[PDB]
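Novice: Pasting a structure here, questions to come.
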Amino acid sequence: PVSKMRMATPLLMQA
Amino acid sequence: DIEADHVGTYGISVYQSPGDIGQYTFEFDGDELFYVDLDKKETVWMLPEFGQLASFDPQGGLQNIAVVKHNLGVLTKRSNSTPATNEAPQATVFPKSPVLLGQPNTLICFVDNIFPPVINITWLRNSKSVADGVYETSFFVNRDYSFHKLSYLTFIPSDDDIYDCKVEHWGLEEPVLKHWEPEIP
Amino acid sequence: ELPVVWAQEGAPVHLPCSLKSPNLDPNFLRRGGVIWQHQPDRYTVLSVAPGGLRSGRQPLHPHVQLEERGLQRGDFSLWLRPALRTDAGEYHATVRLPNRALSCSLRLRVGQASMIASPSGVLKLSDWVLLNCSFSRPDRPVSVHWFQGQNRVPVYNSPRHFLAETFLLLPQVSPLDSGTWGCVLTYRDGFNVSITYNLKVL
Amino acid sequence: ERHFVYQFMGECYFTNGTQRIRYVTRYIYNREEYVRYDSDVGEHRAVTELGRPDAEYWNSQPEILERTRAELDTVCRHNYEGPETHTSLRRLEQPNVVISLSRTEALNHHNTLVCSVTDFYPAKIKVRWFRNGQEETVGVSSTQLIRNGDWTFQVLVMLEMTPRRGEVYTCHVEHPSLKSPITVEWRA
Ligand SMILES: *[C@@H]1O[C@H](CO)[C@@H](O)[C@H](O)[C@H]1NC(C)=O
Ligand SMILES: *[C@@H]1O[C@H](CO)[C@@H](O)[C@H](O)[C@H]1NC(C)=O
Ligand SMILES: *[C@@H]1O[C@H](CO)[C@@H](O)[C@H](O)[C@H]1NC(C)=O
Ligand SMILES: *[C@@H]1O[C@H](CO)[C@@H](O)[C@H](O)[C@H]1NC(C)=O
């Protein structure tokens with residue numbers, strides 16, 4: 001079949 | 001600065017406030033793989049053949065823009081920082097293939113040092129606006145944090161047909177258009 | 001009969017060549033080619049078509065890019081970022097327009113300008129001192145200017161400051177004379193050197 | 001009211017394929033970086049004093065920090081050994097070589113033939129002129145690498161030539177996608 005592409009995950013700083 | 005065999009930039013989140021301008025794109029070795037549309041909920045590839053052999057989940061690309069929106073939202077209130085001065089872009093007009101009169105060709109307009117990436121790029125066939133065969137590609141990033149974009153245009157070359165590329169940028173004191181003719185050659 | 005132009009390493013150099021001064025149509029202007037060659041005392045170092053494509057020597061240029069507005073205001077000029085000490089040599093031009101054509105030519109000499117102090121090192125509480133700022137140019141400067149401090153306060157001849165043939169001397173260097181002292185030179189062609197040196201006084 | 005710019009990116013650095021891999025992630029605001037993680041560092045640093053508590057805030061959640069370290073194997077190593085191995089790594093484009101010359105209007109007059117090479121990928125290429133079977137390098141001017149922006153590259157070369165009778169000028173080019181070296185010639 002095919003192969004998916006995994007992305008880079010960002011982060012979330014607090015308020 | 002740093003060297004390697006190959007580098008693939010997976011995940012390119014860019015947000016501009018106000019206006020809520022976002023963009024998510026994948027890249028590799030100075031070349032874009034594909035980009036995810038924001039509102040149409042789909043993944044657009046620069047080349048279709050690689051979309052036939054691979055698939056990306058567009059939801060993950062939207063979470064990036066959502067966190068970045070939350071990121072910039074906290075950072076704009078955290079600091080009283082001033083806006084970065086709008087850099088004046090520099091462009092270069094060139095054909096994709098060698099110039100052959102009467103043969104179809106793709107006229108490219110490469111513009112570097114685009115900052116901020118908010119700019120209209122149009123063409124003028126003999127000082128007349130032509131929007132046929134125009135491909136507006138997504139911005140790119142280089143290691144000085146400036147940005148560069150490309151625009152394509154199919155046409156039929158002729159001596160009596162002079163072409164140019166229009167630039168509408170914020171930092172420009174006036175719109176600039178570099179005129180190229182195959183008649184000069 | 002070619003003219004010669006100087007340059008100081010460490011600062012960009014101005015290498016211009018415009019077509020006289022008639023106001024022209026900018027549309028005709030942008031239809032113009034330029035070719036620059038170099039030969040040491042290089043060849044086709046940079047050549048750009050109206051399209052803007054930058055071609056030339058196999059190595060990349062030292063940030064040697066022409067002013068984008070100069071090419072649309074009737075000017076063809078070379079602007080390296082670092083005045084390379086090796087660039088010293090002959091330079092020729094080739095400007096191509098659909099109607100007329102010009103091809104200027106000149107020379108380039110690198111003049112390493114520096115300020116040499118006679119008492120080498122830090123100064124004592126009370127002692128004389130000499131400074132000589134000068135480029136490696138055979139012609140002598142016409143006017144000489146000096147200044148004291150980081151705010152560039154021009155130094156004039158005084159009962160404590162003495163100046164002649166681009167030399168300055170203070171016989172008793174009080175602790176107030178400490179700071180960055182610089183100079184300003186001049187020439188027949190308007191070459192200006194602003195070498196600055198932080199005077200070290202006890 | 002005023003304008004501001006934010007940017008995020010993740011860079012996978014590969015060497016020799018999968019032998020030594022490096023994963024670095026940047027956080028850009030206003031064309032400026034303030035928090036960075038390096039696979040050679042193992043945690044989030046602060047490029048500026050702005051993201052100094054931010055870097056430690058992400059260094060205070062141990063579950064999130066390991067996902068980032070594991071992203072070197074899940075995002076970088078897997079995509080190189082997966083999609084790219086099935087897509088970009090197996091992409092080769094052959095260059096198009098053409099010889100032309102402007103500024104010449106008479107026979108036996110000095111000029112500089114132009115060898116134009118466009119639409120090729122990847123960018124690991126070199127070009128060399130050949131006159132009568134002799135590699136020429138004196139008075140040679142060439143464009144730099146021109147990225148076509150559509151999965152292709154282009155670059156042009158010019159050689160200052162003297163129109164000598166009995167002449168064979170060849171633009172010799174070697175490339176990995178070119179299983180054989182291409183030679184295009186030109187004569188008076
Ligand atoms: C681009 O065009 C739109 C409408 O056509 C305009 O509002 C915007 O200001 C333009 N961007 C510029 C001039 O940078
Ligand atoms: C001192 O400067 C003068 C002119 O400023 C210059 O001609 C001379 O070579 C310099 N050096 C000396 C006298 O040692
Ligand atoms: C010296 O060169 C020009 C021309 O004489 C002059 O206008 C300028 O003020 C001087 N250079 C600097 C950097 O001040
Ligand atoms: C590169 O990888 C090959 C294949 O795994 C290996 O034989 C070679 O020694 C490696 N070279 C290095 C690590 O310098």
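Labels used: A, B, ... for chains in the order of the structure tokens, numbers from 1 for residues in each chain, and numbers from 1 for ligands as shown.
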Report the closest atom pair, with its distance in Å rounded to one decimal, for each residue of chain B that has an atom no farther than 12 Å from ligand 1; count only C-alpha atoms and all ligand atoms, sort by chain and then rising residue number, and write it as a Markdown table.
Specialist:
```
| residue | atom | partner | partner_atom_place_in_ligand_line | distance |
| --- | --- | --- | --- | --- |
| B:19 | CA | ligand 1 | 7 (O) | 11.4 |
| B:86 | CA | ligand 1 | 14 (O) | 10.6 |
| B:87 | CA | ligand 1 | 14 (O) | 11.8 |
| B:88 | CA | ligand 1 | 14 (O) | 11.1 |
| B:89 | CA | ligand 1 | 14 (O) | 11.3 |
| B:114 | CA | ligand 1 | 14 (O) | 10.7 |
| B:115 | CA | ligand 1 | 14 (O) | 10.4 |
| B:116 | CA | ligand 1 | 14 (O) | 9.0 |
| B:117 | CA | ligand 1 | 14 (O) | 8.8 |
| B:118 | CA | ligand 1 | 14 (O) | 5.6 |
| B:119 | CA | ligand 1 | 14 (O) | 4.4 |
| B:120 | CA | ligand 1 | 1 (C) | 4.7 |
| B:121 | CA | ligand 1 | 1 (C) | 8.4 |
| B:122 | CA | ligand 1 | 1 (C) | 10.0 |
| B:166 | CA | ligand 1 | 13 (C) | 10.8 |
| B:167 | CA | ligand 1 | 13 (C) | 8.2 |
| B:168 | CA | ligand 1 | 13 (C) | 4.4 |
| B:169 | CA | ligand 1 | 14 (O) | 3.6 |
| B:170 | CA | ligand 1 | 14 (O) | 4.3 |
| B:171 | CA | ligand 1 | 14 (O) | 7.9 |
| B:172 | CA | ligand 1 | 14 (O) | 8.3 |
| B:173 | CA | ligand 1 | 13 (C) | 10.4 |
| B:174 | CA | ligand 1 | 13 (C) | 9.4 |
| B:175 | CA | ligand 1 | 13 (C) | 8.1 |
| B:176 | CA | ligand 1 | 13 (C) | 11.3 |
```
Novice: The selected residues should be written to file as a compact mmCIF listing (two decimals), in the first residue's frame (atoms: N, CA, C and O atoms).
Specialist:
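Listed below is the output, part.txt:
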```
# COMPACT_ATOMS: atom_id res chain seq x y z
N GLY B 19 -5.27 39.52 11.69
CA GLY B 19 -5.61 38.91 10.42
C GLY B 19 -5.61 37.39 10.44
O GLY B 19 -6.24 36.79 9.56
N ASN B 86 9.83 46.23 8.48
CA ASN B 86 9.45 45.45 7.30
C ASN B 86 10.60 45.44 6.29
O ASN B 86 10.96 46.49 5.75
N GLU B 87 11.16 44.26 6.04
CA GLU B 87 12.28 44.14 5.13
C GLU B 87 11.83 44.30 3.68
O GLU B 87 10.78 43.79 3.28
N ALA B 88 12.63 45.01 2.90
CA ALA B 88 12.34 45.18 1.48
C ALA B 88 12.81 43.96 0.71
O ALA B 88 14.00 43.63 0.75
N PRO B 89 11.92 43.26 0.00
CA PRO B 89 12.34 42.05 -0.72
C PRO B 89 13.19 42.39 -1.93
O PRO B 89 13.26 43.53 -2.39
N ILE B 114 11.65 38.03 1.83
CA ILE B 114 10.27 38.49 1.99
C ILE B 114 9.96 38.54 3.48
O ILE B 114 9.89 37.51 4.14
N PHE B 115 9.78 39.75 4.00
CA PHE B 115 9.43 39.90 5.41
C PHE B 115 8.68 41.21 5.63
O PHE B 115 9.23 42.29 5.38
N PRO B 116 7.43 41.15 6.11
CA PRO B 116 6.65 39.95 6.44
C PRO B 116 6.12 39.24 5.19
O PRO B 116 6.00 39.85 4.13
N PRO B 117 5.81 37.94 5.28
CA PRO B 117 5.30 37.23 4.10
C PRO B 117 3.87 37.59 3.76
O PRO B 117 2.99 36.71 3.71
N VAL B 118 3.61 38.87 3.52
CA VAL B 118 2.30 39.37 3.10
C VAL B 118 2.55 40.22 1.86
O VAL B 118 2.93 41.39 1.96
N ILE B 119 2.33 39.64 0.68
CA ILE B 119 2.70 40.30 -0.57
C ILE B 119 1.92 39.71 -1.74
O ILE B 119 1.78 38.49 -1.86
N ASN B 120 1.40 40.58 -2.60
CA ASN B 120 0.78 40.17 -3.85
C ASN B 120 1.85 40.09 -4.93
O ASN B 120 2.68 40.99 -5.06
N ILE B 121 1.83 39.00 -5.70
CA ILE B 121 2.77 38.79 -6.79
C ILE B 121 1.96 38.58 -8.06
O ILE B 121 1.24 37.57 -8.19
N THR B 122 2.06 39.51 -9.00
CA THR B 122 1.32 39.46 -10.25
C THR B 122 2.26 39.69 -11.42
O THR B 122 3.40 40.12 -11.26
N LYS B 166 5.23 41.95 -11.00
CA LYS B 166 4.83 43.01 -10.08
C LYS B 166 4.95 42.54 -8.63
O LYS B 166 4.72 41.38 -8.31
N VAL B 167 5.31 43.48 -7.76
CA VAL B 167 5.54 43.21 -6.35
C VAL B 167 4.79 44.25 -5.53
O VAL B 167 5.01 45.45 -5.69
N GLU B 168 3.91 43.78 -4.64
CA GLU B 168 3.13 44.64 -3.75
C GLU B 168 3.45 44.23 -2.32
O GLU B 168 2.84 43.29 -1.80
N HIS B 169 4.39 44.92 -1.69
CA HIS B 169 4.84 44.56 -0.36
C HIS B 169 4.61 45.71 0.62
O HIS B 169 4.48 46.87 0.22
N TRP B 170 4.57 45.36 1.91
CA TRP B 170 4.36 46.36 2.95
C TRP B 170 5.54 47.33 3.01
O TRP B 170 5.36 48.55 2.86
N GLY B 171 6.74 46.81 3.24
CA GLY B 171 7.90 47.66 3.46
C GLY B 171 8.34 48.45 2.25
O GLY B 171 9.11 49.41 2.40
N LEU B 172 7.88 48.08 1.06
CA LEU B 172 8.24 48.82 -0.14
C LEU B 172 7.65 50.23 -0.10
O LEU B 172 6.46 50.41 0.14
N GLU B 173 8.51 51.23 -0.33
CA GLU B 173 8.02 52.59 -0.47
C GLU B 173 7.20 52.77 -1.74
O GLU B 173 6.42 53.72 -1.83
N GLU B 174 7.37 51.89 -2.72
CA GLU B 174 6.55 51.87 -3.92
C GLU B 174 6.64 50.49 -4.54
O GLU B 174 7.65 49.79 -4.33
N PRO B 175 5.62 50.04 -5.26
CA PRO B 175 5.71 48.74 -5.94
C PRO B 175 6.82 48.74 -6.99
O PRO B 175 7.01 49.71 -7.72
N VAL B 176 7.55 47.63 -7.05
CA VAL B 176 8.69 47.49 -7.94
C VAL B 176 8.43 46.33 -8.90
O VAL B 176 7.83 45.32 -8.52
```
Novice: Mind dumping a table of every chain D residue within 9 Å of chain B, with the nearest atom pair and its distance in Å to one decimal, using only C-alpha atoms, sorted by chain and rising number, as CSV?
Specialist:
```
residue,atom,partner,partner_atom,distance
D:1,CA,B:18,CA,6.9
D:2,CA,B:83,CA,6.7
D:3,CA,B:17,CA,5.9
D:4,CA,B:17,CA,5.6
D:5,CA,B:16,CA,4.8
D:6,CA,B:15,CA,5.2
D:7,CA,B:14,CA,4.4
D:8,CA,B:13,CA,4.8
D:9,CA,B:12,CA,4.8
D:10,CA,B:9,CA,5.6
D:11,CA,B:9,CA,4.7
D:12,CA,B:7,CA,5.4
D:13,CA,B:7,CA,4.9
D:14,CA,B:6,CA,5.4
D:15,CA,B:5,CA,4.5
D:16,CA,B:5,CA,6.4
D:17,CA,B:5,CA,7.4
D:21,CA,B:4,CA,8.8
D:22,CA,B:4,CA,8.8
D:28,CA,B:145,CA,8.1
D:29,CA,B:72,CA,8.1
D:30,CA,B:84,CA,6.3
D:31,CA,B:145,CA,5.2
D:32,CA,B:145,CA,7.5
D:75,CA,B:10,CA,8.4
D:76,CA,B:8,CA,8.1
D:80,CA,B:8,CA,8.6
D:83,CA,B:54,CA,6.5
D:86,CA,B:53,CA,7.7
D:87,CA,B:50,CA,6.3
D:88,CA,B:50,CA,8.3
D:96,CA,B:97,CA,8.6
D:98,CA,B:98,CA,7.8
D:102,CA,B:185,CA,6.8
D:103,CA,B:185,CA,8.4
D:116,CA,B:98,CA,7.6
D:117,CA,B:98,CA,8.7
D:118,CA,B:97,CA,6.4
D:119,CA,B:97,CA,7.3
D:147,CA,B:30,CA,8.3
D:148,CA,B:96,CA,6.6
D:149,CA,B:31,CA,6.7
D:150,CA,B:46,CA,7.3
D:151,CA,B:31,CA,6.3
D:152,CA,B:31,CA,8.7
D:154,CA,B:96,CA,8.3
```
Novice: Find the residues of chain D in contact range of chain A, meaning any atom within 12 Å when counting only C-alpha atoms, and list them as JSON, numbers by chain.
Specialist: {"D": [7, 8, 9, 10, 11, 12, 23, 24, 25, 26, 27, 28, 35, 36, 37, 44, 50, 51, 52, 53, 54, 55, 56, 57, 58, 59, 60, 61, 64, 65, 67, 68, 69, 70, 71, 72, 73, 74, 75, 76, 77, 78, 79, 80, 81, 82, 83, 84, 85, 86, 87]}
Novice: Output C-alpha atoms for every residue in the selection just made, as a CSV table (one decimal), in the first residue's frame.
Specialist:
```
chain,number,residue,atom,x,y,z
D,7,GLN,CA,7.3,30.7,13.2
D,8,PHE,CA,7.8,27.0,14.2
D,9,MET,CA,9.9,24.3,12.5
D,10,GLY,CA,11.5,21.0,13.1
D,11,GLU,CA,14.7,20.0,11.4
D,12,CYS,CA,15.9,16.4,10.9
D,23,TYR,CA,17.1,16.2,15.6
D,24,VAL,CA,16.8,19.9,16.3
D,25,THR,CA,13.6,21.9,16.9
D,26,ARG,CA,13.4,25.8,16.8
D,27,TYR,CA,10.9,28.3,18.0
D,28,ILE,CA,11.0,31.6,16.0
D,35,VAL,CA,13.8,28.3,22.9
D,36,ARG,CA,15.6,25.4,21.2
D,37,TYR,CA,15.9,21.7,21.7
D,44,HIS,CA,15.0,22.5,25.9
D,50,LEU,CA,12.6,35.3,27.1
D,51,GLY,CA,12.0,31.6,26.9
D,52,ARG,CA,14.1,30.7,30.0
D,53,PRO,CA,11.1,29.7,32.1
D,54,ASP,CA,9.4,28.3,29.0
D,55,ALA,CA,12.4,25.9,28.4
D,56,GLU,CA,12.2,24.7,32.0
D,57,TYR,CA,8.4,24.6,31.8
D,58,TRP,CA,8.8,22.0,29.0
D,59,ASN,CA,11.6,20.5,31.1
D,60,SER,CA,9.2,20.1,34.0
D,61,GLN,CA,6.8,17.8,32.2
D,64,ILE,CA,6.3,15.4,27.0
D,65,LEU,CA,10.1,15.5,27.1
D,67,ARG,CA,8.1,12.1,23.3
D,68,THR,CA,10.3,14.8,21.9
D,69,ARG,CA,13.5,12.7,22.3
D,70,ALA,CA,11.6,9.7,20.8
D,71,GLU,CA,10.6,11.9,17.9
D,72,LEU,CA,14.1,11.4,16.6
D,73,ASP,CA,13.1,7.8,16.0
D,74,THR,CA,9.4,8.3,15.3
D,75,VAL,CA,9.5,11.4,13.0
D,76,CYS,CA,13.0,11.7,11.6
D,77,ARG,CA,14.3,8.1,11.4
D,78,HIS,CA,10.9,6.6,10.3
D,79,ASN,CA,10.3,9.2,7.6
D,80,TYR,CA,13.8,8.8,6.2
D,81,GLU,CA,13.5,5.0,6.2
D,82,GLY,CA,9.9,5.2,5.0
D,83,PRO,CA,8.2,7.9,2.9
D,84,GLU,CA,11.5,9.6,1.7
D,85,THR,CA,13.0,6.1,1.1
D,86,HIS,CA,9.9,5.4,-1.0
D,87,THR,CA,9.6,9.0,-2.5
```
Novice: With a distance threshold of 6 Å and counting only C-alpha atoms, extract the residues of chain C near chain B and express them as an MDAnalysis selection string.
Specialist: chainID C and resid 50:52
Novice: Next, write the just-selected residues to a file, as a PDB file, in the first residue's frame, keeping C-alpha atoms as the atom set.
Specialist:
```
ATOM      1  CA  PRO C  50      17.963  42.417 -17.086  1.00  0.00           C
ATOM      2  CA  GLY C  51      16.268  39.304 -15.659  1.00  0.00           C
ATOM      3  CA  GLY C  52      18.534  39.831 -12.629  1.00  0.00           C
TER       4      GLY C  52
END
```
Novice: Closest to ligand 2 among C:197, C:187, C:135, C:181, using only C-alpha atoms and all ligand atoms?
Specialist: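 Selected residue with least distance to ligand 2: C:135.
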Novice: Name each residue within 10 Å of ligand 3, counting only C-alpha atoms and all ligand atoms, as an MDAnalysis selection string.
Specialist: chainID C and resid 11:12 14 184:194
Novice: DSSP on the backbone: what in region 44-187 of chain D comes out alpha helix (DSSP H), as a list in words?
Specialist: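 Matching residues, listed in order: residues 52, 53, 54, 55, 56, 57, 58, 62, 63, 64, 65, 66, 67, 68, 69, 70, 71, 78, 79, 80, 83, 84, 85 and 86 of chain D.
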Novice: Counting only C-alpha atoms and all ligand atoms, which protein, DNA or RNA residues come within 12 Å of ligand 2, given as a PyMOL selection string?
Specialist: chain C and resi 111-118+130-145+163-168+183-187+193
Novice: Calculate how many Å separate CA of residue 61 (chain B) from CA of residue 138 (chain B), rounding to one decimal.
Specialist: 15.1 Å
Novice: Would you list which chain D residues are within 8 Å of chain C using only C-alpha atoms, as a list in words?
Specialist: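 So the residues of chain D near chain C are residues 139, 140, 141, 142, 143, 144 and 156 of chain D.
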Novice: Calculate how many Å separate CA of residue 65 (chain C) from CA of residue 81 (chain C), rounding to one decimal.
Specialist: 8.6 Å
Novice: Got a sec to tell me which of chain D DSSP assigns to strand (DSSP E or B), as a PyMOL selection string?
Specialist: chain D and resi 4-15+20-29+33-38+44-46+93+96-100+111-121+126-131+135-136+140-143+146-147+153-161+169-174+182-186
Novice: Record the distance separating atom 7 (O, counted along the ligand's line) of ligand 4 and CA of residue 175 (chain D), expressed in Å with one decimal.
Specialist: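 Distance reported for this atom pair: 22.6 Å.
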Novice: Neighbours of residue 107 (chain D) within 12 Å (only C-alpha atoms; same-chain residues fewer than 5 positions away dropped), as a VMD selection string?
Specialist: chain D and resid 162 to 165 188
Novice: Keeping C-alpha atoms for every residue in the selection just given, could you write it to a file as an mmCIF file, in the first residue's frame?
Specialist:
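Listed below is the output, part20.cif:
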```
data_model
loop_
_atom_site.group_PDB
_atom_site.id
_atom_site.type_symbol
_atom_site.label_atom_id
_atom_site.label_comp_id
_atom_site.auth_asym_id
_atom_site.auth_seq_id
_atom_site.Cartn_x
_atom_site.Cartn_y
_atom_site.Cartn_z
ATOM 1 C CA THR D 162 38.397 32.503 -29.373
ATOM 2 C CA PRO D 163 36.965 31.262 -32.704
ATOM 3 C CA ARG D 164 39.932 29.231 -33.919
ATOM 4 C CA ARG D 165 39.519 27.130 -37.047
ATOM 5 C CA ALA D 188 31.907 27.290 -36.003
#
```
